[PDB]
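Working notes, structure below.
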Amino acid sequence: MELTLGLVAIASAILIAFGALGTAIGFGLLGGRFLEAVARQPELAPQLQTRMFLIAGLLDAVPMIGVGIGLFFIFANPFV
Amino acid sequence: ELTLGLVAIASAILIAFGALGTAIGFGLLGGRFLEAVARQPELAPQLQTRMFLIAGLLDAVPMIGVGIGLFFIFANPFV
Amino acid sequence: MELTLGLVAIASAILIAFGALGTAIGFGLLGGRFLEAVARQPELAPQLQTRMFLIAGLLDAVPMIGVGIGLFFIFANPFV
Amino acid sequence: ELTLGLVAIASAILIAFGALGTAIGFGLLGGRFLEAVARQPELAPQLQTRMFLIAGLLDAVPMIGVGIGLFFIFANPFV
Amino acid sequence: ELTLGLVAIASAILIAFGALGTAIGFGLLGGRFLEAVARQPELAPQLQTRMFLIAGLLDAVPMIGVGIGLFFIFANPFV
Amino acid sequence: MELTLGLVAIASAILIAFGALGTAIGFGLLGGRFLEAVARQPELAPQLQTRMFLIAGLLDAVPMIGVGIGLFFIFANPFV
Amino acid sequence: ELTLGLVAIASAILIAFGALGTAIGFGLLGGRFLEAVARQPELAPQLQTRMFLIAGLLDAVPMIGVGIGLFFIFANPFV
Amino acid sequence: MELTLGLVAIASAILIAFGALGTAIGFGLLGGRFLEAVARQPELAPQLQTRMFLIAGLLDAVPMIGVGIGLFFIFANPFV
Amino acid sequence: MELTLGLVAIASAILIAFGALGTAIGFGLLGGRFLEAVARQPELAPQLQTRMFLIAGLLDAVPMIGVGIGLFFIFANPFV
Amino acid sequence: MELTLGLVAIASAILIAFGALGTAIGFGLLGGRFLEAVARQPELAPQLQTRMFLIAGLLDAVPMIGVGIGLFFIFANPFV
Amino acid sequence: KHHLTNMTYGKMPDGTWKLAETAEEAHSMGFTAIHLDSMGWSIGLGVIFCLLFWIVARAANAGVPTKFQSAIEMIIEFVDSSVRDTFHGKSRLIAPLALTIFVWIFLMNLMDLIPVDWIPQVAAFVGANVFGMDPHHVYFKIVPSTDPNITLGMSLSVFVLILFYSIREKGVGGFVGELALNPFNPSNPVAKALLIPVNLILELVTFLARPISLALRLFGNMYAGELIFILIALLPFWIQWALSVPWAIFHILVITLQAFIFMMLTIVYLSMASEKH
Amino acid sequence: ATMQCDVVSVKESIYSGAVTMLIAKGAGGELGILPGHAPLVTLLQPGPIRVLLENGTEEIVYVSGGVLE
Amino acid sequence: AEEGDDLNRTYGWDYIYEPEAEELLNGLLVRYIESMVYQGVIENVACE
Amino acid sequence: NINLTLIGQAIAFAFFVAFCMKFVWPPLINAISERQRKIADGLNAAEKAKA
Amino acid sequence: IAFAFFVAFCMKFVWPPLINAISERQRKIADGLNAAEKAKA
């Protein structure tokens, strides 16, 4: 009983916190490189920012997957 | 007993890793932004605007984890 | 046995989050460097993005594998 | 008993992660800052302005974790 | 009874570590690859070929671990 | 009581040990970058050390806080 | 019973953990080789000679871990 | 109590080995750029080494304290 | 007694695995830079290889000690 | 007793393992830049390698202390 | 509700819908057979598509094309350009092979974009017609493409192509052998432990788990899609019904890239097969 | 080996011929050059530049401003 | 100038830029302009 | 129950169609038109060259 | 089971698609011919 509840709660914490860590720092490095690049060529801000968002969308898929799994498990765990 | 401490430590590691990640991203963005401003002090308004714009992208789910930790501390299921 | 089920849940959470971190790092590095490179050579963007998606596909196979098998065990658990 | 050690461990984790992230990211930021200074010592005033800006932009969530540890140590539930 | 869960856990860990190894080696290779190709877009296919061979050179023991883990998942010694 | 006191000992170990990595690694980064910069321009060494001591004094304050928490616990703390 | 499960856990840790390390090492190696051949497309043959040499010399102790894991798999000690 | 003895053994291993790791990391960090600088700038390599030593003691202070706590607990682990 | 067998298996796995990983990470670090050097200036390849071997032997030493300790725990049976 | 036997054996294993890891990382990070610089200029090699040995011996000291504690417990743990 | 959830879960994981190797076809518990009674749907879709192509393949179109034939021309031009520019010196008619496999996996994963509940809903009327109503609700319907059996089939089919075109140039000498990473190493225990196992596992790993990973990564993506659908299906009253849309289009992009990179990997594998060893 | 190295002022050439080893102080650090070296351009710093000849002896040439390739 | 030459000789390699392209280019402009001035002066001398 | 799911799904589908047309079809039609116009221009070049 | 299925599916279809490509390639040649022809005159 209690052991299983703790197991699943800890699992959810793992997922969401650990994905949050990764996405946060990934944004850090990505934005740093993007700013470094755009500093060279202010002329291409629109298209460069376009590709920036194009890949920012690529980043966050499985972070959001983990967020959803954890949220549902918070609402309703499996293996009741 | 056990469930209380388990939920509490889950929230604690949540917020601790969140602080870790947000600090790391802060440093990563900051270094290169300083580099750019050293290269382009003139556009520093627009560069800083972009800086805060992208910083807004940074720490959404860190704050989400912090709030979930507060939720666990105050009121949460399976207690 | 139910604690064995908790073991399974933990293992799946491990895989999904931790491979998600794999992706969160690889894609971020690729995005940063890709923006820098295309800034250096803003002309041949088509082939640049072409090989970029090439690499992106080459990248995230095994992490997604772990995610999928973890969820499989979450629902189609062998030896429930 | 068990909950007591769990809470103490959780608080230690919170503050430890806060300290680790602050030190690491902050040191990287200072390194890039002095790099920029070596580039251009003349913009050092504005650069320092940015320094204290982004330092105030980097210390928040760590101080939040510090408050969490203080709350655990002085008076917290799940004890 | 729990050793079946142990087998599951161990196979999971095998998969998870192979996952990071592949996912981050690939990240490094792609970074440097795109870095280099921009210099000589004309010389792309040669570099691409070498890169494919490197990718093959990268992933062997990750599939070894994942295969042995799945074997243990289905065919279970050390029950 | 043995359980919780040993756990508190583990916690204090974590406190001081993380402080240790933060200080060591951050100061290593600072040293690398500082030496790079000063070798770039040996003349401005005074201002360089100025900013470096400033930022370093700003650095280990939180490691100092963690070590001080360890000192509080070792001398005398609640939960013991 | 517990012994076999824990031995399986240990072998899994061996294989996976080493495979991840081999992956990161090959990542660095291949990236540097790619950049090198990018700058000098000419010295590729002996550079790949060095490459295979250095990679073949790379795996030895992770290879040892693999051997210990397989020896466990066939006839584990400490049965 | 001997369980708490194992706990203290674990904590001591944590502190001492982990601080050793941090010291190695910081040493390498400083050393790479120090070496490159003195190689490119042998004439001023002396005062470069001067600053390097100036910061070497600054590095290990917190690790020194952590190792000291570990060894004191090895001699006499308080909270007996 | 089975507990002791499991624990010694765990200890041997630790001793071998972390030492192997030290070898792996150090070997990657050396290999990338040695390749860089031989690429930029192929003439020094002999002395470069000499330095490479010199540092390679220096690095892997302690990991070999860990490997030997693993073997000593495997064939010989301390604490058993 | 058995539990404490495993406790101390594992603790010693960790003490040796982290020492080996940190030492390997330190030598690798040293050697990278050492090779790079010595490739850049084949002249200053003597004092180059002199400072290299200097800092290398400066590095592993605390790892050697952890090794000493591990072998100390190996001959006999200062505990039951 | 959760009754309905488990009743759905009866359908998805193990495929071969209504397979019975001397067993039942509507039991969801036979767990003992060797028939794949779900491949036929994918095969029929592939056949009808290849005939849809044949309509224009038997035709010669050179003037001004309408939307249909215009898109046909851009598609075939791009695929031919890709297969051509990738590799060369190889005339055993493989470019159509790559084109076919790509577009089929394209359509196969494309067709799975529907709501999950609608397959059993339309099938419920056939169930009323034949083979029961609620004992169908657990697992009796034919399932759209999610079965990793199908993916496994494509993996090993391409693997067969790999083996046959590796011996296209009678590389049997190089096919049986391999380029060993190392013959041995010092510390002669190491030499013995390297001589026998290491190069053998090297040669094995060069090909084995690659198509396996291809197929089961397809399965992971596509299974992930279906499960995301099923989970979002909770509370379709106060929901805004916007949980999916972003992830859905993202996964659509994912599917596109899937098919593309699989056919890319096909190209590079057939190049290595056309490369002597 | 030998590289064909040429030293030239804007007015006219100063040094030409094969050379084996080049030691200068570039816009960045000092470098050693041997034939087969990578394509690079560097800014000459004021001072003399010294290069090793096929005879086993070493030439030296002074520079006050200039560029190196 | 040189609109059809010197772009063939650059193979899959590039000159490495120890300084930024900006400052090196500036020095090149300086020196090249001065050289042309020199040669024109010499030509004026010969015409004289 | 079922109808509640169907209504939301249909809303999703309508948004799919509207936005996908809006944001994807103009480029495709533009590509088709460019292909046709370049073919026609090449043809006209052929006749005028013969003349 | 799927292996022979799919290999037989593609094999006795493998020729006509390539047979199609000759038309397109010679077509492009006609456009190229138009350009060359404009140049000689």
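Don't worry about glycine lacking a Cβ; one is built from the backbone with ideal geometry, like all the others, and counts go over all protein chains shown. Readers should treat all values here as calculations from the given coordinates under stated rules, not as data from a laboratory.
See the values below:
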read-out	value
Relative contact order for chain D, counting Cα pairs under 8 Å that sit 6 or more residues apart, in percent	61
Ranked N:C20, O:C10, criterion: other C-beta atoms within 10 Å, fewest first	N:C20, O:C10
Per-residue mean of C-beta atoms belonging to partner chains within 10 Å, peptide O:4-11	6
Those residues of region H:1-28 whose amide nitrogen sits under 15 Å from the label point placed on F:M1, 7 Å along Cα→Cβ	H:1-2, H:4
Per-selection Kirkwood Rh - chain E (Cα, Å, 1 d.p.)	14.6
H:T23, K:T86, L:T2 arranged by Cβ crowding within 10 Å, fewest neighbours leading	L:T2, K:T86, H:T23
Radius of gyration and maximum dimension Dmax of the protein assembly as shown, Cα, Å	33.0, 113
Under-5 Å amide H pairs with L:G66, H placed in peptide plane, nonlocal only	L:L44
For L:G17, residues with placed amide H under 5 Å, excluding near neighbours	L:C5
Shielding of O:14-27 by partner chains, average beta-carbon count, 10 Å	5
Unit charges at the beta carbon, dipole of the protein assembly as shown: most positive-side option, J:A13, K:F207, K:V116	K:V116
Percentage, to the nearest whole number, of Cα pairs in region B:1-40 over 14 Å apart	63
Chain I, relative contact order in percent, only Cα pairs under 8 angstrom and at least six apart counted	55
Principal-axis tilt of helix B:44-58 within chain B, Cα atoms, nearest 10 degrees	20
Whole-Å semi-axes of chain M's equivalent ellipsoid (Cα gyration tensor)	30, 17, 7
Set of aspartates and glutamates near O:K38 by C-alpha distance (under 14 Å), chain-local residues within fewer than 8 positions excluded	N:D41, N:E47
Calculated [θ] (222 nm, deg cm²/dmol) that DSSP helices of n ≥ 4 give over chain K, each run adding -39,500 (n - 2.57)	-20500 deg cm²/dmol
Helix axis angle, K:244-274 relative to chain K longest principal axis, alpha carbon, degrees	30
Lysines whose Cα lies under 29 Å from that of K:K18, excluding same-chain neighbours fewer than 8 positions away	K:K1, K:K141
Estimated [θ] at 222 nm from DSSP helical runs (n ≥ 4, -39500 (n - 2.57)) normalised by residues in chain M, nearest 500	-20000 deg cm²/dmol
Amide H contacts of L:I49 (H built 1.01 Å from N, under 5 Å, at least 5 apart or other chain)	L:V61, L:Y62, L:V63
Cut-off 11 Å (backbone N to label point 7 Å along Cα→Cβ of K:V245), residues of region N:1-41	N:11-20
Shielding score for K:164-175, defined as the mean number of other chain Cβ atoms within 10 Å	0
Exposure proxy order (Cβ contacts within 10 Å, fewest to most) of K:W238, O:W15	K:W238, O:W15
Those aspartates and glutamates that a straight Cα-Cα span of less than 12 Å connects to L:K11, excepting residues fewer than 8 apart in one chain	M:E34
Helix G:60-75 axis, angle to chain G major axis (alpha carbon atoms, nearest 10°)	30
Coordinate range along principal axes, alpha carbons of chain A, Å, largest first	61, 16, 12
